[PDB]
Amino acid sequence: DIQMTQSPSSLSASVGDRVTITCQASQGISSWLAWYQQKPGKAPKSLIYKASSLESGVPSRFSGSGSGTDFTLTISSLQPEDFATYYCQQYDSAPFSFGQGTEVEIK
Amino acid sequence: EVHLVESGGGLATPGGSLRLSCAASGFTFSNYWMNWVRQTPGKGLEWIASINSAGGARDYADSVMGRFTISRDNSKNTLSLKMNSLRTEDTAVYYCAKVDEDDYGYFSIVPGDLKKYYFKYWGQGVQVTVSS
Amino acid sequence: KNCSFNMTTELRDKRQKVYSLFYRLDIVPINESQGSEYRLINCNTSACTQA
Ligand SMILES: *[C@@H]1O[C@H](CO)[C@@H](O[C@@H]2O[C@H](CO)[C@@H](O[C@@H]3O[C@H](CO[C@H]4O[C@H](CO)[C@@H](O)[C@H](O)[C@@H]4O)[C@@H](O)[C@H](O[C@H]4O[C@H](CO)[C@@H](O)[C@H](O)[C@@H]4O[C@H]4O[C@H](CO)[C@@H](O)[C@H](O)[C@@H]4O)[C@@H]3O)[C@H](O)[C@H]2NC(C)=O)[C@H](O)[C@H]1NC(C)=O
Ligand SMILES: *[C@@H]1O[C@H](CO)[C@@H](O[C@@H]2O[C@H](CO)[C@@H](O)[C@H](O)[C@H]2NC(C)=O)[C@H](O)[C@H]1NC(C)=O
């Protein structure tokens, strides 16, 4: 069945530091890929729904790209309110598999 | 604004039965698909079930196929998930999720099919576990 | 009354769910279910022709 891989597993950054997250799909999914962030102890929140469409209410700083098999997330100016696990999920499939989950912390 | 709440989860004997419930408000509950997902410690998220707006069509993951049973009641704006023969591998935080777009539009069999959804709103999950 | 209902489409094998407002005078309840399950008036006598 379809499965997803997300890398880097974990990384460290700081306020204003630039880093990126990426994930791949075992099979083509066109562009039906969403991104989520979850603070410790809270429920996950939607950040990007389509491969490159940002969610309403989220700062315009956020952006994404990719199509077909590979996708990437770019946080740009990391501020103190961007430090939480980022999950890569793919839809348009029976299981709706999630990513391994990547946590970004302060260096 | 869309508010979700879930209750009924808790400790249960292994291999027994349990019932999970979820209530919602602030939107037309009779026009949005509902999904149930879990978050085990360490291992990432995992979707376990889904139900249509009218509560007729149901789908589950192979890990819980046949053991679980999802249902809803549009009159009371409530959602439920019956558990039977649960095991120790099912311990996790169950979240009551709702799709991003309503079921209006073209469809083949059930009103919400032929469309791709995502979990836009999530309720504060409830812990579920089993032990002696 | 804000009513929602199923409807046919140009594709015989496809169906669609739509919604539209209807004046209460042009709606009659089936009485089998309350608070929903409404029916267009004069539907049990003839099919009206859209002007
Ligand atoms: C467009 O077209 C679609 C596709 O045809 C259509 O979807 C279907 O709509 C109907 C009408 O809403 C749905 O029928 C209802 O389904 C649920 C669930 O039924 C399943 O689960 C039970 C076990 O729980 C099984 O026995 C059953 O076989 C199904 O698997 C029920 O909630 C409904 O029954 C209740 O309502 C009836 C009417 O009032 C009562 O007579 C009946 O006793 C039930 O009421 C009791 O239970 C309620 C819920 O707990 C409770 O609130 C009441 O107080 C009471 O205790 C009913 O069978 C059907 O499932 C939909 N899906 C499919 C695939 O057909 C759309 O409705 C349609 N849309 C539009 C806008 O027109
Ligand atoms: C078609 O349906 C209408 C609406 O229900 C019926 O008209 C009602 O019939 C009942 C019979 O007991 C009367 O009490 C009501 O006063 C009638 N009017 C309304 C507005 O409810 C009608 O009989 C049905 N049949 C035909 C052939 O028209």
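In the set C:16, C:50, C:34, which member is without any contact (Cβ under 8 Å) to a residue 12 or more places away in the chain, not hydroxyl-bearing (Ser, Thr, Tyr) and not in a loop (DSSP other than H, G, I, E, B)? Steps first, please.
Details: C:50 fails: not in a loop (DSSP other than H, G, I, E, B); C:34 fails: not in a loop (DSSP other than H, G, I, E, B).
Only one candidate qualifies: C:16.
Of everything in the range B:52-73, what is near ligand 1 (Cβ under 9 Å from one of its atoms), touching a residue at least 24 places away in the same chain (Cβ under 8 Å) and either among the β-branched types (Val, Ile, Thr) or within 14 Å of chain A (Cβ to nearest Cβ) (or both)? Give them in sequence order.
B:57
Just need a number here: residues in the range B:50-73 that are touching a strand residue (DSSP E or B) at 6+ places or on another chain (Cβ under 7 Å) and part of a strand (DSSP E or B).
Summing the residues that are touching a strand residue (DSSP E or B) at 6+ places or on another chain (Cβ under 7 Å) and part of a strand (DSSP E or B) in the range B:50-73 gives 10.
If you check residue B:93 against the conditions, is it more than 10 Å from every other protein chain (Cβ to nearest Cβ) and buried (at least 16 other Cβ atoms within 10 Å of the Cβ)?
So residue B:93 fails the test.
What single numbered condition from (1) away from chain A (no Cβ under 14 Å); (2) in contact (Cβ under 8 Å) with a residue 40 or more places away in the chain; (3) not charged (D, E, K, R) fails to hold for residue B:106?
Condition not satisfied by residue B:106: (2).
Select from the range C:25-51 the residues that are surrounded by 12 or more Cβ atoms within 10 Å (Cβ to Cβ) and more than 23 Å from residue B:30 (Cβ to Cβ) and list them in ascending order.
C:41
State which residue is farthest from the other protein chains (Cβ to nearest Cβ) when the search covers only the range C:1-24 and only residues that are of a type in the set (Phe, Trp, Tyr) and surrounded by 10 or more Cβ atoms within 10 Å (Cβ to Cβ). Break it down stepwise before answering.
First pass over the range C:1-24, keeping only residues of a type in the set (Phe, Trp, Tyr): C:5, C:19, C:22-23.
Next cut, surrounded by 10 or more Cβ atoms within 10 Å (Cβ to Cβ) only: C:5, C:19, C:22.
Details: C:5: 10, C:19: 7, C:22: 16 Å.
Selected residue: C:22.
What tally of residues in the range B:76-103 results from selecting those that are farther than 21 Å from residue B:118 by Cα and touching a residue at least 60 places away in the same chain (Cβ under 8 Å)?
First, the residues of the range B:76-103 that are farther than 21 Å from residue B:118 by Cα: B:76, B:82-91.
Going one step further and asking which of them are touching a residue at least 60 places away in the same chain (Cβ under 8 Å), we end up with B:82-88.
Here the count works out to 7.
Filter the range B:25-42 down to residues that are more than 12 Å from the chain's Cα centre (by Cα) and in a strand (DSSP E or B) and give me whichever is farthest from residue C:2 (Cα to Cα).
As a first pass, look at the range B:25-42 and keep what is more than 12 Å from the chain's Cα centre (by Cα): B:25-32, B:39-42.
With the extra rule that they be in a strand (DSSP E or B), the set shrinks to B:25, B:39.
Working: B:25: 18, B:39: 38 Å.
Here the residue is B:39.
Out of B:38, B:87, which single residue is away from ligand 2 (no atom under 16 Å from the Cβ), farther than 17 Å from residue A:89 by Cβ and of a type in the set (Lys, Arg)?
The unique qualifying residue is B:87.
For the range C:8-36, name all the residues that are under 13 Å from the mean Cα position of the chain (by Cα) and within 9 Å of ligand 1 (Cβ to nearest atom).
Passing the criteria: C:17, C:18, C:19, C:36.
Determine which member of the set B:115, B:76, B:120 is surrounded by 14 or more Cβ atoms within 10 Å (Cβ to Cβ) and in a loop (DSSP other than H, G, I, E, B).
Working: B:76 fails: surrounded by 14 or more Cβ atoms within 10 Å (Cβ to Cβ); B:120 fails: in a loop (DSSP other than H, G, I, E, B).
Selected residue: B:115, the only one of B:115, B:76, B:120 that is surrounded by 14 or more Cβ atoms within 10 Å (Cβ to Cβ) and in a loop (DSSP other than H, G, I, E, B).
With respect to residue C:16, determine if the residue is more than 16 Å from ligand 2 (Cβ to nearest atom) and touching a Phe, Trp or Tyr at 6+ places or on another chain (Cβ under 6 Å). Step through it out loud before you land on a result.
Working: more than 16 Å from ligand 2 (Cβ to nearest atom): yes; touching a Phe, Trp or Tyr at 6+ places or on another chain (Cβ under 6 Å): yes.
Answer is yes for this residue.
FYI, it's all coordinate maths here, none of it is from the lab. Every residue, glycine as well, gets a Cβ built from its backbone with ideal geometry; the counts of neighbours run over all protein chains shown.
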